[PDB]
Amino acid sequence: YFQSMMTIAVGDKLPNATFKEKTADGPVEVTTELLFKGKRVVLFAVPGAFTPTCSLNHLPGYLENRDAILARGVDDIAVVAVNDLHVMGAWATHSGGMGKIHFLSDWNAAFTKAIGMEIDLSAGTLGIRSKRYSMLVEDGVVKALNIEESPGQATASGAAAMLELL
C-alpha cells in the first residue's frame, strides 16, 4: 500500500529537502544541499525520538562512536526522525547529543516519503514514521545503505556496523 515506486538505493542522489533543527544558538533550517554537498555524511533515521530502540540503542551507539566515525573521513553525522522540532530539540538535550550530531526534524515525513522509507507503526502509537536505516552519503550520493526489516532491530543500521564500512 505504501508508495514503492521510488525506493532509495546505493548510487541514487538524495532528493532536495529542508529540515528544522533546534541548535544551542537557536532554531535553524538545514537543507540537503548545506548538509550533504561536498561532504561525506553519515545519516541515520529513527522511527521516533524517545522510543526505546531509538533512545537506548540506535542513537547512543552513534554518540558513543562519534569521534571514531569522524576520524574516518566523515565530515558530519545526522539523525532524522518524523517528530516535530521541539521534541527533536528536547531529545538532543536529554540524550546528550546536542552539538555533537545534527538532530533533524522531518515532521511531516516529506523527505522520508520522497525516498520511499515510510512505515506504519500505528499499533505502537507512532503512526506514520521512518523505517530505521543508516546511510553513507558522499556529495549527496548514497554510497552505503542499511535498511532494517524490523524497527525493533538496530544492528545493520547501528554505529558499530557503520564503522566497519568506513
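Start at 1 with the first residue shown and count on from there.
Peer 1: Quick check on the record: does 83-91 or 68-76 carry the larger mean Cα temperature factor?
Peer 2: 68-76 has the higher mean C-alpha B-factor.
Peer 1: On mean Cα temperature factor in this entry, is 46-54 or 134-142 the higher one?
Peer 2: If you average the C-alpha B-factors of 46-54 and of 134-142, the larger mean comes out for 134-142.
Peer 1: Going by the entry, which of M98, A109, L59, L121 has the most elevated CA B factor?
Peer 2: Most elevated C-alpha B-factor of the set, per the entry: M98.
Peer 1: Among the modelled residues of its chain, does the C-alpha B-factor of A24 lie in the lowest, middle or highest third?
Peer 2: For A24, whose C-alpha B-factor we compare with every modelled residue in the chain, the answer is the highest third.
Peer 1: Could you say whether, by C-alpha temperature factor, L63 belongs to the lowest, middle or highest third of its chain?
Peer 2: Middle third.
Peer 1: With respect to C-alpha B-factor, does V30 fall in the lowest, middle or highest third of the chain as deposited?
Peer 2: Top third by C-alpha B-factor.
Peer 1: In terms of the CA temperature factor given in the entry, to which third of its chain does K37 belong: lowest, middle or highest?
Peer 2: Ranked within chain, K37 CA B lands in the highest tercile.
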